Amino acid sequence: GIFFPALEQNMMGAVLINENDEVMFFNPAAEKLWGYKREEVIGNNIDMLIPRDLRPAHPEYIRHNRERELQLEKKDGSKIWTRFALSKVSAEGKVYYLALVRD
């Protein structure tokens, strides 16, 4: 029972997307980085977390992989630089991705 608390209480932002690119987990550190409360994010397509100017390209990148210093755009349109760590998580016969993000 300690795996969920270890991610929930992580000092890094944690974002898990499912096989249809919907956000399934979004922790309080991620709420602070993006300016969204998790209730606004869960169950929605990852697109809402992607900077507006990368929404054309980003789906092709995920699709290609299914087959880093990054600039994050907040809810209010302001931007911050982050470090992203991505892991591909194979479970339940599905491919999930976990992003671990820090300022």
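Numbers for residues come from their place in the sequence shown, where the first is 1.
The stretch of deposited sequence separating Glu67 from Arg68 contains 10 or more residues lacking coordinates in this entry. For the pair 69 to 77 and 22 to 30, the record assigns the higher mean C-alpha temperature factor to 69 to 77. The deposited CA B-factor of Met11 belongs to the middle third of values across its chain. The deposited CA B-factor of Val95 belongs to the middle third of values across its chain. Per the PDB record, residue ranking by Cα B-factor puts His58 in the middle third of the chain. Remark: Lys37 belongs to the middle third of its chain, ranked by C-alpha B-factor as recorded.
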